[PDB]
Structure formats: C-alpha cells, structure tokens
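Asks: I'd like to ask you about the structure that follows.
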Amino acid sequence: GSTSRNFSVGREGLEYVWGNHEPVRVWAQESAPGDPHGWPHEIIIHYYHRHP
Amino acid sequence: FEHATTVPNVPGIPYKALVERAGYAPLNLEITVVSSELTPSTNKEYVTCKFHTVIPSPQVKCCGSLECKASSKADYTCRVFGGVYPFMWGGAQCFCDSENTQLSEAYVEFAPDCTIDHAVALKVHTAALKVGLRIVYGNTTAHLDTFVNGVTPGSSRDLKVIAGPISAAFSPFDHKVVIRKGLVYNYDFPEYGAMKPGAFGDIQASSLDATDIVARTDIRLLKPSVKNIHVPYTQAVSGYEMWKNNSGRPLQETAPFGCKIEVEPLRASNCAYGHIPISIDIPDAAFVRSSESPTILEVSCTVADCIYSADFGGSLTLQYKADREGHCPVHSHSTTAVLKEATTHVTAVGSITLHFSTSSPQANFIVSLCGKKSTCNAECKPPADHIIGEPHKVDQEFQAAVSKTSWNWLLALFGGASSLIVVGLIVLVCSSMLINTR
Amino acid sequence: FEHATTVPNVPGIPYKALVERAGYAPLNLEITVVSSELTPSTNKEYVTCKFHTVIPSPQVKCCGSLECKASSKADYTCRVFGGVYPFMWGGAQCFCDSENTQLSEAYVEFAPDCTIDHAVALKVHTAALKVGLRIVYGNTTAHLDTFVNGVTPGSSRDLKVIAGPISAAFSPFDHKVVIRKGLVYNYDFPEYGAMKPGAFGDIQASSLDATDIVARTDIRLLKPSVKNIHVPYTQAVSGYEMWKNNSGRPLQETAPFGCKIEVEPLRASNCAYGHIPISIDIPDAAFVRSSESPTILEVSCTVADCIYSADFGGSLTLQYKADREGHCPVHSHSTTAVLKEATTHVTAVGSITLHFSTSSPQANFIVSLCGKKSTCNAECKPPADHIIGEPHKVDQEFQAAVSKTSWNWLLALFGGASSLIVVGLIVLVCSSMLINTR
Ligand SMILES: *[C@@H]1O[C@H](CO)[C@@H](O)[C@H](O)[C@H]1NC(C)=O
Ligand SMILES: *[C@@H]1O[C@H](CO)[C@@H](O)[C@H](O)[C@H]1NC(C)=O
C-alpha cells in the first residue's frame with residue numbers, strides 16, 4: 001500500500017534498495033540539539049543525544 | 001628512500017601526506033584505494049538440481065520366474081512380483097496363468113534443463129585481498145594494482161609499492177556456501193555421499209555431464225492393483241525445490257561492511273575494514289634541492305569559521321611573506337584535520353585561502369607550508385542537517401571530541417575535590433604534629 | 001541391530017568380535033581395513049620450470065634517435081644506447097660517424113621441454129579420510145567402501161555400516177607443497193606475484209600454455225664495444241635448476257606412519273594411526289536360534305605352551321561336552337589375547353585345540369565357546385629370535401606387562417613397610433594415652 005517505515009542510520013552508513021533501483025548510501029553526522037560552548041545546563045544535552 | 005604510511009581502507013577518500021628529506025624541498029603524496037577485491041580459495045564438491053524419475057519399460061516374462069542383478073546407477077531399485085496377468089489394448093497380453101512374474105525398475109538422473117539452474121556447492125578457505133591504488137605525487141599520477149600480502153611488490157613506472165599485511169583477517173564467506181544462477185546463498189549442505197531424502201544435497205555429482213550420479217530419494221514401490229499394466233511408484237518430494245522455497249535471503253543483502261558480491265570468481269569486492277600499512281619508494285628524480293625552492297620567511301594562521309562534519313566545512317587562511325614565486329606543499333600535521341588543496345603557487349607577499357574538514361569542536365591543529373609551522377586555534381559549531389550523503393574523512397577518536405569549556409568546567413571540579421582533601425590531610429598532620437610537642 | 005565397535009586403524013590384521021542377543025545364538029564378527037586413502041582438498045597456484053631467454057634482433061636507427069615504450073611480456077627489459085657503428089659481414093651498416101643509436105630489448109618465456117619437465121605448486125589443507133573394509137560374519141563375506149566422517153553410510157546388499165570420526169587427525173603434508181613427475185616434495189614457495197631472482201618461483205603462470213607469464217630474473221643489459229653487431233647481456237642463475245640441485249629427499253621416504261603416497265589425485269594412501277569406531281547394522285535374517293545351537297557344559301582349558309611374540313605361537317586346548325553337533329563360535333574376552341580360529345566343529349564329548357597370541361608374560365584370559373565363559377590361566381616366556389616380518393597384534397596395557405611374581409614381591413615389600421609404620425603409629429598413640437593417666 002502507501003506506507004512509511006522508520007529506520008536507524010549509524011555513523012558508518014546505511015544502504016537500502018527499493019526494488020530494481022540502485023542502492024543509495026546514507027551517512028549520519030553528529031547533530032545533537034544544543035551547543036558544546038558554554039552555560040553548563042546545556043553541555044550535558046549535546047553530549048547526551050550522542051552516547052547516553 | 002622509502003616512506004612508510006598506513007593508509008586507511010575506505011575506497012575513494014584519499015589520505016594526504018608529505019615527505020621530507022634534508023637539503024631537498026618537501027614533496028606531497030596522495031594515496032587512495034579506488035577498488036578492492038576479496039577473492040577466496042574455492043573447492044568444488046558437487047552439483048545438484050531437480051531430478052527426473054525415469055522408469056524403464058516393465059520386463060514381463062510369460063510363464064516363468066525372475067530375480068534381479070546389480071547395477072551402479074543412481075537409486076537402483078528392484079522388486080519382482082508374483083502372479084501378475086497384464087493387459088494391453090489387446091486383452092490378455094500374456095497366456096500362462098497364476099505364476100507370471102514381472103520386473104519393475106526405477107532410477108533417477110538430472111532434468112534436461114539442469115544446465116541453467118543447477119546449484120553448485122563449494123567450500124571456502126582463507127581469502128586474500130587485492131587493492132587498486134592511486135598515487136599522485138608532484139604532478140605525476142601513477143595507476144597500479146597490488147596484492148596486500150607483505151612480500152608482493154606492485155611495480156608501476158619506477159615506483160615500487162610494498163603493501164604490508166592487513167590487521168583484521170576475516171571474510172563474509174563462512175566455510176560452506178552454495179551458488180545458483182549468480183545468487184550466493186549461505187548454507188550448511190550435507191558432505192559428499194551423505195544424502196537426505198527431502199533436503200538439499202539430495203542428488204550429487206561432480207559434474208553435470210557425468211555418469212557417477214548418486215541418490216537416495218526413498219522410492220518405495222507398490223503392487224499393481226488395476227488389471228492394466230503400469231508401474232505404481234511413490235517417491236518423496238524433491239529436496240532442491242523445497243529448499244528453494246525456504247532458501248532465505250542471499251548474501252547480497254546480509255553481508256556486513258558493505259561488500260558487493262561478484263559471483264563468477266566468487267569475490268566480495270569493494271568493502272572497507274581495517275588499515276592497509278603500505279610504503280612508497282619515491283624516486284630520486286622528483287626532488288629539487290632546498291636552495292631552489294622559494295622559502296617562506298614567516299607565516300601566521302587564522303581560521304574563519306567551522307562546521308565539523310563529513311564535508312569540507314571549515315575555511316582557513318595563512319598570511320605569509322616569502323622569497324620568490326614558486327610552489328609550496330601544504331599539509332596539516334594532525335589526525336583529526338585534513339585539507340582539500342595540496343599545493344599552492346606562492347608570491348613574495350600575499351594571502352591564501354584553504355579548506356579543511358574536521359570532527360572535533362576545537363580546531364587546535366598545526367598547518368605547515370614549505371618549511372614552517374603555525375598553530376591554528378578556534379572553536380567549532382555542530383552541523384545543521386542530520387544526514388549527508390558522503391562519508392566522513394577523519395575519525396572520532398574520543399580524546400579531542402569533548403569540548404574545551406567542558407573540560408574547563410569539569411576538571412576544575414575534580415581538581416577541587418582533590419585539593420580540599422589534600423589540604424585537609426596536610427593541615428591534619430600539621431595540627432597533630434604541632435600539638436604533639438607533649 | 002546396532003553393534004558399536006572401535007577397531008584399530010592398521011591395515012591387514014583383523015579384529016575378532018562376538019555379537020550377542022537374548023534368545024539367539026552368538027556369532028562371530030571380524031573387521032579388517034583392507035585399504036585406506038587419505039585425500040586432501042587442494043588448490044592449484046602456479047606452474048613453473050626453467051625459462052628461456054629470447055632476444056629479438058637489435059633495432060638500429062641510422063643518424064637519429066630512439067626510445068623504448070612499456071611492454072607486458074615476461075620480464076621485459078630495454079635501454080637505448082648511442083654512438084654505435086655496427087658491422088655486418090659487409091661492413092658500414094650506417095652512414096654517419098657515431099651520431100646514431102641502437103636498441104636492445106630482451107624477455108623470457110617457457111622452454112619447449114617444460115610440458116614434461118614442469119613443477120606444479122599446490123596448497124593443501126583439511127585432508128579427509130576414506131576406508132575400504134572387509135566384513136565377514138557367519139561364513140558370509142562382504143566388501144564395503146565408506147567415508148570416515150560420522151554421517152556417510154556404506155551400503156552393500158542389505159548391510160549398512162556407518163564409520164565414526166577419526167580419533168586423532170593429521171595429514172603428513174604441510175600447508176604449501178610442490179610436485180614434479182610424481183615426487184611430492186614439501187616446500188614453502190613464494191606465492192603468485194612475489195618473485196625473487198634466483199630461487200624457486202621466478203616464473204609464474206596459470207597454466208603452461210597461458211599468456212599471463214610474470215617473471216623477474218635480474219636481466220640487465222650491457223654496452224657493446226666490439227665493431228661487429230650483437231647484443232650482450234647478463235642474467236641470474238635459473239632458480240628452478242638451483243632448486244633441482246639440492247631439493248632434498250622427497251616425501252615418499254620422509255612421511256611418518258609408513259604410507260605409499262600416490263600423486264595423480266594426491267593420495268596419502270594406506271597408513272596406520274589411531275582407532276576408528278564403526279557400528280554395523282546386521283540384518284536379522286543371518287542369525288540362528290538358541291534352541292538350535294549346540295549348548296555345552298563342562299568347559300575347562302589346558303595350556304600346552306605359551307610364548308609372547310607377534311605370531312600365533314601360544315597353543316591352547318579345551319575340554320567340553322555337548323548334546324548335538326554343528327558349529328560354535330570361539331572368542332577370547334581379553335585385550336591381551338586373540339585367537340586365530342573364529343569357528344570350530346563341536347562333537348558330543350570330544351576335545352579340540354586352538355592357537356593364540358599375547359603381549360603379556362602372564363596369560364590370564366577368558367576364552368569362550370558357543371556362549372560359555374571359562375577362565376584359564378597360563379604362564380609364558382620371552383621369544384627366541386627377536387626380529388620378525390609381520391606386525392604386532394596387541395598393545396602393552398601397562399598392567400598385564402608385569403608378571404604376578406613382580407607384583408607380589410613389590411606389593412609384599414610395600415605392605416611390609418606400610419604395616420610397619422602403621423603398627424608403630426598405633427602403638428605410639430595408644431600407649432601414650434594409656435600411660436599418661438594419673
Ligand atoms: C609540475 O611539477 C613541477 C615540479 O615541481 C613544477 O615545476 C611545475 O610547475 C608543475 N606544473 C604546474 C603546471 O604547476
Ligand atoms: C556356514 O555356517 C553355517 C551356520 O553358521 C553352517 O551350517 C554351514 O555348515 C557353514 N558352511 C560350511 C561350508 O560349513
């Protein structure tokens with residue numbers, strides 16, 4: 001039908017092959033919500049969404 | 001001379017480095033793998049496919065008795081009967097009543113269409129690796145391919161490259177593996193001679209045009225129950241077809257590390273693991289002595305902005321003052337920072353702009369021009385988009401991955417927790433010694 | 001009916017055994033390994049032999065200049081010259097005094113005798129054993145050939161024998177191995193691409209009629225001096241004939257455990273090590289009733305003479321009574337004795353002889369006769385001559401190897417010393433805590 005499937009990429013990559021199409025590579029980059037540059041109520045947010 | 005360097009094993013992304021001799025100008029050196037094939041050692045056991053149950057014509061002796069002989073064809077089967085009385089389209093084909101004995105017979109061989117969709121079964125031992133390099137030094141590009149074992153010289157146009165042995169030793173191919181029609185499944189087939197009625201390895205032969213076919217397919221016969229002539233046989237279902245229905249996924253969507261499986265030499269080409277410790281023998285013709293390369297008199301780095309990510313996010317600026325209008329090799333001497341441009345034309349005075357890509361929030365790396373060093377230092381922001389379509393160029397390494405203000409706000413706390421107790425202990429022993437005069 | 005048995009893997013000598021069932025008569029069973037063939041799974045790597053330096057005719061350009069390209073033949077080597085003036089039989093082959101060049105190229109290929117005189121390098125691993133058997137039970141022989149992995153069955157005329165795994169596994173080969181004219185050596189050759197000039201392996205090819213011939217053999221040209229035209233060169237010694245000088249002994253007279261080593265499939269046939277367990281599915285139609293066999297009482301041995309050698313030197317007699325004639329099996333139920341008759345003829349009240357062998361100087365073993373245990377003791381003596389030409393039958397067992405005289409002197413001495421310290425200890429403790437009263 002007309003569906004949608006979540007997945008989970010890593011640091012090293014993820015490829016998925018939809019049918020007869022060519023495989024497409026996807027990498028993720030460290031985009032934690034915050035900033036590692038001050039106000040210590042907030043440094044422990046950026047270093048928690050990566051490596052909790 | 002020869003310069004040792006461990007290039008990482010990721011296909012496509014180059015690993016820049018520069019070499020240094022005394023009295024000679026420095027020379028850049030770009031190393032990149034472009035395609036790497038992984039080929040194992042192949043031992044073939046047999047070939048199986050769908051069978052074809054042949055029944056030769058029923059031998060009938062009128063007014064006598066029979067008993068079999070021995071043969072060697074696959075699943076040879078004898079069962080004489082007693083007191084038969086057959087019937088053709090002309091009724092009463094035989095004459096002598098109540099003791100006619102017929103001889104049934106059954107055996108098997110391959111299907112006629114077995115040449116296309118047979119399933120070769122193999123055995124794999126201790127694969128070896130072959131990488132395709134691409135070396136660019138001093139505007140002289142050299143193509144070559146070499147073996148990865150540390151004694152095999154891959155030579156190409158006066159440039160001897162001895163790739164040493166890789167660290168990790170594995171393959172996606174386990175010990176037993178079948179192959180049909182290009183699709184590489186992965187399966188623990190029965191060893192040769194050991195049939196099973198109703199599973200893979202049901203009918204085995206060392207070649208498809210052979211005559212030493214062996215089989216054990218559980219053919220039990222029946223006594224003929226209707227007046228006409230036939231041969232009532234029953235046989236178990238084919239192990240190849242019922243294996244094919246329950247085959248599972250092939251190796252092309254289960255093999256780790258991104259390996260693409262080519263089938264015709266059974267290779268596992270173009271995937272990424274470990275490091276490749278190589279060494280490049282630079283020829284002595286690409287070296288001009290240091291009196292002729294224009295030396296730079298002072299440099300001072302200053303960066304502009306960062307986005308530490310996969311792509312070339314950070315921008316760089318050196319401000320120099322040089323001697324003449326020649327060239328300069330450019331290399332950053334870190335392991336978390338890599339530069340886009342490798343050489344730049346120089347002026348007696350002028351500026352420059354470079355590009356780097358890093359993964360740490362502080363850019364405290366060292367950038368070398370022709371001869372001198374100048375430390376760059378600023379802080380760098382995380383990226384905005386969560387997913388990018390190209391892989392990272394340097395690693396994470398978890399020492400400089402933590403920020404500077406995080407260390408300056410935690411190491412003060414740990415240093416205070418140590419300082420309060422060492423002050424408490426020294427004033428304890430001082431007070432006890434000062435009262436201890438009595 | 002299953003019957004587990006661990007026969008010793010040494011060819012030629014049989015292995016006496018009785019099977020037994022309740023309500024039936026027991027019957028003999030002997031299992032000899034008539035032949036065995038230990039074949040490994042191997043992998044061809046390259047064919048090498050003595051090379052042949054071809055030198056094509058030199059190219060001279062009259063009053064000009066030349067340079068060499070890159071070729072791909074086996075060890076191509078070119079370098080130009082200048083200032084020549086070559087002479088043929090009719091001289092003056094150019095027309096300017098020392099302003100011209102000549103070319104000089106050289107390469108190798110195979111000899112026209114390497115189709116008989118080559119040396120096929122291989123790479124063996126994981127040898128898997130095969131055994132030809134000879135089963136005979138109740139004067140009915142059978143010949144079987146089976147694999148000695150614990151799955152693959154061996155079937156011949158309503159008799160199914162499955163051989164268990166090996167006790168301890170080895171193959172007499174190393175990992176790398178080479179072959180020429182049937183003589184299997186044992187060498188660690190340089191692999192494909194890693195040629196050194198002057199050892200075994202400086203010619204590499206897929207097959208001998210292939211084209212991808214790769215080679216390095218230290219061929220360096222020299223400058224000609226004489227006015228006549230030729231090309232001088234120099235080259236290292238052929239490493240194939242240097243290997244052939246001091247190759248060593250072949251492995252047909254260096255392999256342990258004593259086995260003929262065939263070549264054309266690379267067998268390691270017919271040597272003897274360990275024990276292999278089998279289990280024989282005897283058909284129940286080949287049995288006889290216990291209401292049919294001659295039942296006996298009054299069984300007692302009488303030993304004529306004993307000698308512990310590897311022939312059938314010890315003689316032995318029996319006394320019996322029976323109630324009807326026929327055949328009955330004979331068997332010794334020890335591990336230090338075998339018979340040499342497996343069936344005998346029994347009369348009503350008679351008495352017969354036998355022959356045995358032993359490796360123990362104290363023959364205390366239990367013979368059987370038609371299913372009736374009877375112990376009979378004997379005493380033996382060392383042999384006369386001490387080298388024969390037929391292998392031993394029985395191992396040493398470490399406890400029947402010492403005689404009863406050695407044990408009773410030894411343990412009488414130990415019992416004297418132990419009884420002495422125990423009587424001293426008990427007198428010490430009881431007299432102490434009897435005298436200490438007050
Ligand atoms: C190529 O390299 C040589 C040697 O360093 C240099 O002199 C030349 O300028 C380079 N070519 C270009 C186009 O810069
Ligand atoms: C073979 O054995 C059977 C019983 O085991 C016996 O009756 C027969 O006489 C034997 N054959 C010969 C030739 O003696």
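Ligands are numbered from 1 in the order shown, residues from 1 within each chain, and chains are lettered A, B, ... in the order they appear in the structure tokens.
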Give the residue list for ligand 1 at 7 Å, counting only C-alpha atoms and all ligand atoms, as a PyMOL selection string, sorted by chain and then by residue number.
Replies: chain B and resi 138-139+286
Asks: I need the residues from that last selection saved to file as a PDB file, in the first residue's frame (with N, CA and C atoms), if you can.
Replies:
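selection-v2.pdb, freshly written:
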ATOM      1  N   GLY B 138      53.776  15.037  -6.792  1.00  0.00           N
ATOM      2  CA  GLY B 138      54.466  16.050  -7.578  1.00  0.00           C
ATOM      3  C   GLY B 138      54.084  16.130  -9.039  1.00  0.00           C
ATOM      4  N   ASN B 139      52.789  16.356  -9.291  1.00  0.00           N
ATOM      5  CA  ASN B 139      52.055  16.277 -10.560  1.00  0.00           C
ATOM      6  C   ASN B 139      52.504  15.138 -11.484  1.00  0.00           C
ATOM      7  N   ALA B 286      62.229  13.467  -8.570  1.00  0.00           N
ATOM      8  CA  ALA B 286      61.240  14.491  -8.275  1.00  0.00           C
ATOM      9  C   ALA B 286      61.649  15.383  -7.112  1.00  0.00           C
TER      10      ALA B 286
END
Asks: Which residues are near range 237-248 of chain B? Cut-off 12 Å, only C-alpha atoms, ignore same chain within fewer than 2 positions. Put them as a PyMOL selection string.
Replies: chain B and resi 47-53+108+110+114+117-120+178-180+183-190+195-204+215-219+234-235+250-254
Asks: Skipping near chain neighbours, those fewer than 6 positions away, what residues fall within 10 Å of range 26-40 of chain A using only C-alpha atoms, listed as an MDAnalysis selection string?
Replies: (chainID A and resid 8:16 46:50) or (chainID B and resid 308:310 359 361:362 379:392 402:406 409:410)
Asks: Please identify every polymer residue within 10 Å of ligand 2, using only C-alpha atoms and all ligand atoms, and present the set as an mmCIF file with C-alpha atoms, in the first residue's frame.
Replies:
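Dumped to pocket_31.cif:
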data_model
loop_
_atom_site.group_PDB
_atom_site.id
_atom_site.type_symbol
_atom_site.label_atom_id
_atom_site.label_comp_id
_atom_site.auth_asym_id
_atom_site.auth_seq_id
_atom_site.Cartn_x
_atom_site.Cartn_y
_atom_site.Cartn_z
ATOM 1 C CA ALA C 25 22.944 -67.836 19.360
ATOM 2 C CA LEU C 27 28.068 -65.349 16.159
ATOM 3 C CA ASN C 28 31.474 -64.147 15.025
ATOM 4 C CA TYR C 137 30.048 -62.648 9.709
ATOM 5 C CA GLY C 138 28.853 -66.264 9.906
ATOM 6 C CA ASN C 139 30.794 -67.586 6.841
ATOM 7 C CA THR C 140 29.452 -64.812 4.587
ATOM 8 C CA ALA C 286 21.564 -64.079 9.272
ATOM 9 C CA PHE C 287 21.047 -65.250 12.879
ATOM 10 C CA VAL C 288 20.224 -68.644 14.366
ATOM 11 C CA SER C 293 22.818 -74.076 18.581
ATOM 12 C CA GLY C 326 27.388 -78.370 14.456
ATOM 13 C CA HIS C 327 29.474 -75.209 14.635
ATOM 14 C CA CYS C 328 30.000 -72.843 17.567
ATOM 15 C CA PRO C 329 31.995 -69.599 17.787
ATOM 16 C CA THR C 343 34.505 -71.101 14.183
ATOM 17 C CA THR C 344 35.085 -74.720 15.199
ATOM 18 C CA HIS C 345 33.299 -78.047 14.841
#
Asks: From a backbone DSSP assignment, name each residue in range 150-180 of chain C labelled strand (DSSP E or B), as a PyMOL selection string.
Replies: chain C and resi 153-155+160-163+176-180
Asks: Give me the residues of chain C that have any atom at most 8 Å from an atom of chain B; for each, the nearest atom pair and the distance in Å, rounded to one decimal. Use only C-alpha atoms, sort by chain and number, and format it as a tab-separated table.
Replies:
residue	atom	partner	partner_atom	distance
C:41	CA	B:43	CA	6.9
C:42	CA	B:43	CA	7.6
C:43	CA	B:41	CA	7.2
C:151	CA	B:194	CA	6.4
C:152	CA	B:194	CA	4.6
C:153	CA	B:194	CA	6.9
C:193	CA	B:152	CA	5.8
C:194	CA	B:152	CA	4.4
C:195	CA	B:152	CA	7.8
Asks: Generate a file of the selected residues that holds N, CA and C atoms, formatted as a PDB file, in the first residue's frame.
Replies:
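In the end it all went to result-v4.pdb:
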ATOM      1  N   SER C  41      41.884 -31.678   0.245  1.00  0.00           N
ATOM      2  CA  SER C  41      41.308 -30.682  -0.647  1.00  0.00           C
ATOM      3  C   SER C  41      42.409 -29.682  -0.957  1.00  0.00           C
ATOM      4  N   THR C  42      42.823 -29.629  -2.213  1.00  0.00           N
ATOM      5  CA  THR C  42      43.969 -28.827  -2.607  1.00  0.00           C
ATOM      6  C   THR C  42      43.564 -27.706  -3.553  1.00  0.00           C
ATOM      7  N   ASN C  43      44.523 -26.820  -3.822  1.00  0.00           N
ATOM      8  CA  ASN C  43      44.279 -25.676  -4.689  1.00  0.00           C
ATOM      9  C   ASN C  43      45.534 -25.367  -5.489  1.00  0.00           C
ATOM     10  N   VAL C 151      28.736 -39.539   9.277  1.00  0.00           N
ATOM     11  CA  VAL C 151      27.417 -39.443   8.668  1.00  0.00           C
ATOM     12  C   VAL C 151      27.282 -40.389   7.482  1.00  0.00           C
ATOM     13  N   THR C 152      28.276 -40.398   6.596  1.00  0.00           N
ATOM     14  CA  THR C 152      28.163 -41.023   5.275  1.00  0.00           C
ATOM     15  C   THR C 152      28.057 -42.538   5.353  1.00  0.00           C
ATOM     16  N   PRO C 153      26.954 -43.129   4.915  1.00  0.00           N
ATOM     17  CA  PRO C 153      26.764 -44.569   5.077  1.00  0.00           C
ATOM     18  C   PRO C 153      27.448 -45.369   3.981  1.00  0.00           C
ATOM     19  N   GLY C 193      53.136 -13.603  -7.785  1.00  0.00           N
ATOM     20  CA  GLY C 193      53.489 -12.204  -7.886  1.00  0.00           C
ATOM     21  C   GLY C 193      54.731 -11.821  -7.116  1.00  0.00           C
ATOM     22  N   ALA C 194      55.109 -12.591  -6.098  1.00  0.00           N
ATOM     23  CA  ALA C 194      56.234 -12.246  -5.230  1.00  0.00           C
ATOM     24  C   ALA C 194      57.493 -13.008  -5.642  1.00  0.00           C
ATOM     25  N   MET C 195      58.033 -12.638  -6.796  1.00  0.00           N
ATOM     26  CA  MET C 195      59.174 -13.351  -7.346  1.00  0.00           C
ATOM     27  C   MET C 195      60.477 -12.815  -6.779  1.00  0.00           C
TER      28      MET C 195
END
Asks: Using DSSP assignments from the backbone, pull out every residue in range 135-306 of chain C that falls under helix (DSSP H, G or I) and give it to me as a PyMOL selection string.
Replies: chain C and resi 239-245+284-286
